[PDB]
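A quick write-up on the structure given underneath.
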Amino acid sequence: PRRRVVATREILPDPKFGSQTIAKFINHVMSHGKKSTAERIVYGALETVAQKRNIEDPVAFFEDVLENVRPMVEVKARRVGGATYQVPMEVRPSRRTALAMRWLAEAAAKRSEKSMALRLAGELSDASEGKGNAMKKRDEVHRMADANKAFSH
Amino acid sequence: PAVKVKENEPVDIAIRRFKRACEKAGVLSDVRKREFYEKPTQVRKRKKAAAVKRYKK
Amino acid sequence: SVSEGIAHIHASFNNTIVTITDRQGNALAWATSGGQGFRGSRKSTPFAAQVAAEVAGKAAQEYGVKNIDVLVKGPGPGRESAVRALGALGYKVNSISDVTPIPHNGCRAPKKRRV
RNA sequence: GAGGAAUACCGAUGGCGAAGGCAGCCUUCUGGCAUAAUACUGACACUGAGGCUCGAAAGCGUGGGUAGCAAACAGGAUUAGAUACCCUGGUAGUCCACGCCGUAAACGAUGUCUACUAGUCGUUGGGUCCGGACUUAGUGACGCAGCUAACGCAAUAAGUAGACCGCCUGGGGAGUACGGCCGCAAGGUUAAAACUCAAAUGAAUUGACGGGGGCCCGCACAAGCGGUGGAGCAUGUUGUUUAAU
């Protein structure tokens with residue numbers, strides 16, 4: 001806000017994996033306050049890639065793809081006497097995960113797979129190697145960050 | 001304003017020493033006064049305004 | 001060919017020109033902020049001078065220069081960033097100097113801008 | 001290599017000059033001022049209508065010069081337009097010699113010359129004493145009494161008095177017309193009237209406002225989630241239509 005720094009809320013970990021990273025990603029897929037509907041989408045997507053790639057533990061796999069999507073430099077908007085300098089700055093770690101979790105869900109929602117659980121499974125697989133809109137979005141932010149690379153104010 | 005870098009001295013330290021020598025010589029102060037022509041009437045006001053400011057403190 | 005050289009860091013408020021020559025005054029290579037993809041507001045930045053000196057310094061590094069003394073001139077912002085580029089490129093500086101033309105109340109300056 | 005102009009630093013509510021003004025350095029011609037003492041003249045003084053002299057910048061005449069800057073002018077932009085601000089050029093002028101012009105917010109918006117009236121702190125040029133002290137002639141910052149509508153001035157008075165000169169008499173019309181005088185010209189100077197309106201003004205007060213400043217707050221922005229604006233329907237209004245809607 002304008003004065004204080006309100007404390008962030010506590011999020012309970014997901015019931016099937018006990019990780020706060022997946023439970024936070026379920027929050028990013030949920031709409032209309034339907035937790036369970038989003039859970040089977042995430043669980044179905046994770047099961048599909050786990051059953052296809054032959055991995056016993058997919059929480060570490062989701063970390064690998066998440067770290068491959070998280071940007072490191074973002075382009076902020078700054079003003080110096082009426083001039084707009086698109087200064088590129090670092091991304092605070094809480095915002096890194098939020099941006100990556102956001103891009104994956106929004107990129108998977110425009111896929112062409114049959115089911116959303118299948119749509120999300122494709123993006124998780126595609127982003128694992130380093131392709132897809134989620135990877136493309138991260139490059140676009142980094143492309144703009146490298147585009148200036150000249151305002152260090 | 002000439003700084004001769006000595007042996008075993010990182011340019012980062014040397015450039016800091018050069019920046020100090022240039023500031024002492026008033027290098028950038030003179031080039032800023034030559035950017036535009038200051039009318040003699042405006043010079044007298046500016047000098048006197050600084051003179052009044054200097055005396056007050 | 002030549003080992004001793006001179007780096008000229010002529011820098012203005014709009015652009016910075018970094019030409020590096022021999023001890024005599026015969027140019028070997030030159031680079032500019034505006035000739036590196038930067039235009040307008042990004043051309044008058046210290047970083048655009050950092051890459052201009054990097055390109056020009058590396059261009060004549062093949063000539064054989066290792067000893068070089070910079071001669072900075074002008075009020076531009078790339079007067080400090082450009083010299084750092086040469087130091088980090090493997091150049092062994094001889095002397096940092098600031099030869100800027102200061103008139104002794106000579107020709108009349110242009111009129112003050114009303115902005 | 002050519003050429004012109006200005007003289008960074010020193011540089012200073014520092015200095016000199018009646019004002020206008022006057023900054024590299026050197027020579028020549030030359031004015032005033034400041035200072036201690038002695039000698040001398042012995043009121044020779046102050047002011048001053050007309051008059052005369054000098055008088056920034058711009059401008060004018062003739063003749064030279066012409067680097068930079070730059071009216072005009074040309075182009076590029078910005079904009080609804082942009083005969084501007086900004087950008088790229090650029091001529092007169094700015095420079096020199098000799099003459100005109102005689103005007104500036106030529107201001108301290110404060111005529112000149114006297115004497116007297118608490119004090120404090122700087123600073124420039126002297127002087128006399130013992131690093132200080134004092135005394136002068138300037139130049140400043142404060143601050144009593146006193147003055148002032150108030151602001152403020154306050155030994156450099158806007159205080160206390162005196163000498164002489166100049167000027168004002170509501171705001172516009174108007175520093176304009178006409179007539180003189182001056183000027184090459186631009187114009188300057190002297191200087192009304194009819195008519196018109198009940199105001200026009202100064203200082204300060206309280207607000208309000210500022211594309212003034214400083215500090216702060218609100219889902220105000222920012223960071224996000226979901227909408228409205230497109231479809232169909234419900235409802236309200238406008239409009240239109242109606243006998244009335």
Side-chain angles (χ1 to χ4, degrees), chain B, chain C residues 4-14 16 18 44 46 49-50 53-54 57 66-115:
Chain B
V3 169
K4 214 285 208 163
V5 55
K6 66 156 220 97
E7 298 285 26
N8 324 288
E9 142 144 46
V11 296
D12 283 352
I13 291 91
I15 195 163
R16 181 69 176 85
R17 285 191 328 104
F18 161 73
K19 215 153 77 185
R20 182 66 177 85
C22 264
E23 185 280 299
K24 184 151 280 301
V27 172
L28 295 209
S29 174
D30 282 326
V31 317
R32 189 198 88 142
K33 288 195 110 182
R34 208 40 164 251
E35 296 281 358
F36 59 85
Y37 173 81
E38 193 53 314
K39 308 254 210 182
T41 175
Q42 290 275 114
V43 174
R44 304 198 214 89
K45 307 176 209 309
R46 159 171 82 64
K47 290 189 303 214
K48 183 178 185 297
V52 172
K53 264 176 83 163
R54 181 167 40 248
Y55 188 91
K56 264 178 50 81
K57 282 72 70 185
Chain C
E4 297 287 330
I6 298 157
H8 301 257
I9 319 295
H10 174 98
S12 34
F13 278 130
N14 306 316
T16 177
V18 50
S44 67
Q50 203 285 335
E54 190 273 332
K66 298 115 184 161
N67 258 322
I68 198 184
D69 51 344
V70 316
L71 296 181
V72 203
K73 99 183 325 173
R79 63 180 296 280
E80 198 270 327
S81 177
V83 196
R84 300 184 332 137
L86 287 180
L89 195 138
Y91 271 101
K92 192 267 184 181
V93 176
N94 267 4
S95 79
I96 313 278
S97 176
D98 182 299
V99 48
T100 181
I102 283 141
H104 301 334
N105 196 355
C107 293
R108 176 167 179 164
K111 55 178 204 196
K112 182 174 30 173
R113 307 172 76 225
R114 306 199 276 295
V115 202

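Worth knowing before you read on, the calculation uses all heavy atoms, side chains too, and leaves out hydrogens, waters and symmetry mates. Lettering of chains follows the sequences in order, A, B, ..., and the numbering in each one begins at 1.
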Problem set entry | From C:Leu86 atom CG to B:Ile15 atom CD1, the distance as rounded to the nearest 0.5 Å | 9.5 Å
Problem set entry | Options B:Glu38, B:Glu35, B:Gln42, ranked by heavy-atom pairs under 4.5 Å with chain C, top entry | B:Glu35
Exercise. Quick one: CZ on B:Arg16 to CD on C:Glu80, what's the gap to the nearest 0.5 Å?
Worked result: 10.0 Å
Exercise. If you measure from CD1 on C:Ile96 to NZ on B:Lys4, what distance do you get to the nearest 0.5 Å?
Worked result: 11.5 Å
For this session: Please say whether more than 12 non-hydrogen atoms of neighbouring residues, nucleotides or ligands are located less than 6.0 Å from NZ in B:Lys6.
Result: yes
Exercise. Which bit of C:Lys112 is near chain B, if near means a heavy-atom gap under 4.5 Å: side chain, backbone, both or neither?
Worked result: both
Exercise. Closest approach of C:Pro75 and B:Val31, non-hydrogen atoms and distance?
Worked result: CB-CG2, 3.7 Å
For this session: Tell me, for B:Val3 versus chain C, whether the close heavy atoms (under 4.5 Å) come from the side chain, the backbone, both or neither.
Result: both
Problem set entry | Contacting region of C:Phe13 [heavy-atom separation from chain B under 4.5 Å] | side chain
For this session: Heavy-atom distances under 4.5 Å only: say whether C:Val70 touches chain B with side chain, backbone, both or neither.
Result: neither
For this session: Identify the heavy atoms of C:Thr100 and B:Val27 that sit nearest to each other, and give their distance.
Result: CG2-CG1, 3.5 Å
For this session: Can you see which heavy atom on B:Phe36 is nearest to which on C:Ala109, and at what distance?
Result: C-CB, 3.6 Å
Exercise. About how many Å separate OG of C:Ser95 and CZ of B:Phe18, when rounded to the nearest 0.5 Å?
Worked result: 10.0 Å
Seminar exercise, completed: The interface call for C:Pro101 against chain B, heavy-atom contacts under 4.5 Å, is neither
Exercise. Which heavy atom of B:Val5 sits nearest a heavy atom of C:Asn94, and at what distance?
Worked result: CG1-O, 3.4 Å
For this session: Answer yes or no: are there more than 12 heavy-atom neighbours, outside B:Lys39 itself, under 6.0 Å from its atom NZ?
Result: no
